[PDB]
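For reference, the structure discussed in these notes is given below.
In what follows, every heavy atom counts, from backbone to side chain, and hydrogens, waters and symmetry copies are set aside. Numbering of ligands and ligand atoms starts at 1, following listing order. Every chain is numbered from 1, with letters handed out A, B, ... down the list of sequences.
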Amino acid sequence: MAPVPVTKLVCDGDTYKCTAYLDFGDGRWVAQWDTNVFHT
Amino acid sequence: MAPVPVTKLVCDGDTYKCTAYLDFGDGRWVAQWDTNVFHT
Amino acid sequence: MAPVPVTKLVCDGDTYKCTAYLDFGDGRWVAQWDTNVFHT
Ligand SMILES: CC(=O)N[C@@H]1[C@@H](O)[C@H](O[C@@H]2O[C@H](CO)[C@@H](O[C@@H]3O[C@H](CO[C@H]4O[C@H](CO)[C@@H](O)[C@H](O)[C@@H]4O[C@@H]4O[C@H](CO)[C@@H](O[C@@H]5O[C@H](CO[C@]6(C(=O)O)C[C@H](O)[C@@H](NC(C)=O)[C@H]([C@H](O)[C@H](O)CO)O6)[C@H](O)[C@H](O)[C@H]5O)[C@H](O)[C@H]4NC(C)=O)[C@@H](O)[C@H](O[C@H]4O[C@H](CO)[C@@H](O)[C@H](O)[C@@H]4O[C@@H]4O[C@H](CO)[C@@H](O)[C@H](O)[C@H]4NC(C)=O)[C@@H]3O)[C@H](O)[C@H]2NC(C)=O)[C@@H](CO[C@@H]2O[C@@H](C)[C@@H](O)[C@@H](O)[C@@H]2O)O[C@H]1N=[N+]=[N-]
Ligand SMILES: CC(=O)N[C@@H]1[C@@H](O)[C@H](O[C@@H]2O[C@H](CO)[C@@H](O[C@@H]3O[C@H](CO[C@H]4O[C@H](CO)[C@@H](O)[C@H](O)[C@@H]4O[C@@H]4O[C@H](CO)[C@@H](O[C@@H]5O[C@H](CO[C@]6(C(=O)O)C[C@H](O)[C@@H](NC(C)=O)[C@H]([C@H](O)[C@H](O)CO)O6)[C@H](O)[C@H](O)[C@H]5O)[C@H](O)[C@H]4NC(C)=O)[C@@H](O)[C@H](O[C@H]4O[C@H](CO)[C@@H](O)[C@H](O)[C@@H]4O[C@@H]4O[C@H](CO)[C@@H](O)[C@H](O)[C@H]4NC(C)=O)[C@@H]3O)[C@H](O)[C@H]2NC(C)=O)[C@@H](CO[C@@H]2O[C@@H](C)[C@@H](O)[C@@H](O)[C@@H]2O)O[C@H]1N=[N+]=[N-]
Ligand SMILES: CC(=O)N[C@@H]1[C@@H](O)[C@H](O[C@@H]2O[C@H](CO)[C@@H](O[C@@H]3O[C@H](CO[C@H]4O[C@H](CO)[C@@H](O)[C@H](O)[C@@H]4O[C@@H]4O[C@H](CO)[C@@H](O[C@@H]5O[C@H](CO[C@]6(C(=O)O)C[C@H](O)[C@@H](NC(C)=O)[C@H]([C@H](O)[C@H](O)CO)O6)[C@H](O)[C@H](O)[C@H]5O)[C@H](O)[C@H]4NC(C)=O)[C@@H](O)[C@H](O[C@H]4O[C@H](CO)[C@@H](O)[C@H](O)[C@@H]4O[C@@H]4O[C@H](CO)[C@@H](O)[C@H](O)[C@H]4NC(C)=O)[C@@H]3O)[C@H](O)[C@H]2NC(C)=O)[C@@H](CO[C@@H]2O[C@@H](C)[C@@H](O)[C@@H](O)[C@@H]2O)O[C@H]1N=[N+]=[N-]
């Protein structure tokens, strides 16, 4: 399948990005997107 | 609750989208967002 | 590490946002991003 599973998910409030580690290929591919981060 | 849990999370480096399967309703609802994808 | 793990992930089709609860600090920080939501 073209969509691949996420194995780990982290987010960073300095860069305002979330990074998803992917099960694909050699293991070094990530998905990353801009995000808001805040204290509730 | 209006926010619902994600049961599975996949991402696709051809479409540059991540898709989250949701526990809601009949089970066929997803959340989907644009994302970057790259090799580290 | 500056990226921190997500402990829970929910998404909301009224607000069109996904919210990731973060393991950080006092436990009340989230990441949140706009998302599409739809029935497949
Ligand atoms: C002691 C200690 O340590 N403590 C700690 C702390 O520290 C941390 O915190 C952190 O801190 C830091 C330091 O201070 C910081 O940093 C900073 O920042 C800032 C700000 O930022 C922002 O802005 C910017 C600009 O514009 C940008 O870039 C960024 O990015 C940001 O923004 C963001 O972004 C994002 C992404 O894009 C987005 O998202 C999105 O969202 C959306 C929505 O939106 C909204 C709406 O709704 O619309 C908007 C609005 O506005 C809002 N509202 C309000 C009211 O606010 C909303 C809300 O929020 C909601 O709704 C609720 O629900 O939202 C959508 O969702 C989408 O999808 C998304 O995507 C957002 O929005 C944004 N926001 C805003 C507000 O805008 C900055 O600015 C700065 O930078 C500066 O500085 C530096 C140095 O330091 C440098 O490097 C740079 O370059 C800069 O510089 C500058 O420059 C300029 C020009 O160039 C000049 O002019 C000047 O002068 C300079 N300056 C200097 C100084 O140099 C900085 O970076 C940060 O921020 C903080 N963070 C936070 C989060 O807060 C704490 C935390 O931590 C963190 O996180 C965690 C988790 C972990 O990771 C760790 O590690 C980290 O660190 O913690 C504490 N502790 N404890 N517990
Ligand atoms: C052997 C084998 O097979 N191998 C394999 C491979 O293949 C793969 O890869 C893949 O491949 C494919 C094929 O080649 C490709 O495809 C292609 O692509 C291209 C590009 O794309 C891009 O661009 C476009 C346009 O513009 C768009 O649409 C897309 O989307 C993209 O873009 C992107 O997007 C995203 C989303 O929106 C974004 O995100 C974002 O991000 C942001 C940030 O950003 C940034 C910043 O920061 O600012 C930016 C910058 O720039 C950067 N920088 C650099 C330096 O780069 C940054 C960085 O990255 C960072 O920062 C780091 O940290 O970033 C934020 O975050 C936000 O939030 C987000 O959202 C992004 O950004 C973007 N990027 C850019 C760069 O821009 C395209 O173009 C193409 O298309 C074409 O072609 C086709 C056919 O083929 C067709 O269909 C189409 O239509 C087109 O066509 C064309 O048309 C035109 C007009 O219309 C004309 O003119 C021409 O002529 C034509 N042509 C033809 C040929 O026809 C295609 O599609 C892809 O790309 C690739 N991928 C990758 C990822 O790389 C690999 C991988 O795989 C994948 O993934 C995985 C995971 C899984 O899923 C699988 O299954 C898949 O496949 O693999 C390999 N193997 N192994 N190992
Ligand atoms: C019986 C019962 O109960 N049932 C149930 C139901 O109900 C639900 O559903 C829901 O419902 C509700 C009620 O009806 C609704 O609400 C409504 O809505 C509407 C619409 O919204 C939209 O629009 C708006 C405006 O513009 C906005 O704001 C929003 O946000 C939305 O939009 C969206 O957004 C997002 C974010 O930003 C985005 O995303 C993105 O995406 C992208 C992509 O994109 C696209 C592309 O591709 O390009 C686009 C295109 O278009 C598309 N296409 C088509 C064909 O469609 C595509 C596709 O989709 C794909 O591709 C596929 O694959 O896509 C990327 O990805 C990025 O990254 C992202 O981010 C998106 O896009 C968008 N979309 C569109 C389409 O645009 C609205 O409008 C409304 O509002 C109104 O109303 C209210 C009241 O009610 C009020 O408050 C307001 O204010 C408004 O008002 C108005 O105002 C105006 C002015 O101001 C005036 O003029 C008027 O008159 C007024 N009116 C009145 C009435 O007042 C509302 O809000 C919703 O929507 C729904 N949802 C859904 C999801 O559907 C169901 C579901 O549920 C939910 O979800 C779940 C999961 C859970 O959470 C729960 O709890 C919830 O509820 O369910 C059912 N049951 N059962 N089974």
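- When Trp33(A), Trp29(B), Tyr16(B), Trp33(C) are checked for heavy-atom proximity to atom 117 (C) of ligand 3, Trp29(B) turns out nearest.
- The contact set between ligand 3 and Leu22(B), taken as ligand atoms under 4.0 Å from a residue heavy atom, comprises 122 (C).
- Atom 71 (C) of ligand 3 has as its closest protein heavy atom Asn36(C) OD1, 3.6 Å.
- Checked options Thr35(C), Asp34(C), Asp12(C); the residue passing with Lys17(C) is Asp34(C) (criterion: side chain to side chain donor-acceptor pair (under 3.5 Å)).
- Remark: minimum distance from atom 131 (N) of ligand 2 to any protein heavy atom is reached at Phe24(A) CZ, 3.9 Å.
- Listed by number with element, the atoms of ligand 3 under 4.0 Å from a non-hydrogen atom of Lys17(B) are 66 (O).
- Here is the list of ligand 3 atoms found below 4.0 Å of a heavy atom in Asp34(C): 70 (O).
- Of all atoms in ligand 3, numbered sequentially from 1 with element shown, those under 4.0 Å from a heavy atom of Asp12(C) are 124 (O).
- In terms of protein heavy-atom proximity, atom 123 (C) of ligand 3 is closest to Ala2(B) O, 3.5 Å.
- Using a 4.0 Å cut-off between heavy atoms, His39(B) makes no contact with ligand 2 at all.
- Listed by number with element, the atoms of ligand 1 under 4.0 angstrom from any heavy atom of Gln32(C) are 63 (O), 66 (O).
- The ligand atoms of ligand 1 that sit less than 4.0 angstrom from a heavy atom of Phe38(A) are 62 (C), 63 (O).
- For atom 128 (O) of ligand 2, the nearest non-hydrogen atom from the set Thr19(A), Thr35(A), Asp14(B) belongs to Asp14(B).
- Shown here, atom 126 (O) of ligand 1 is in close reach of the protein: a heavy atom of it lies under 4.0 Å off.
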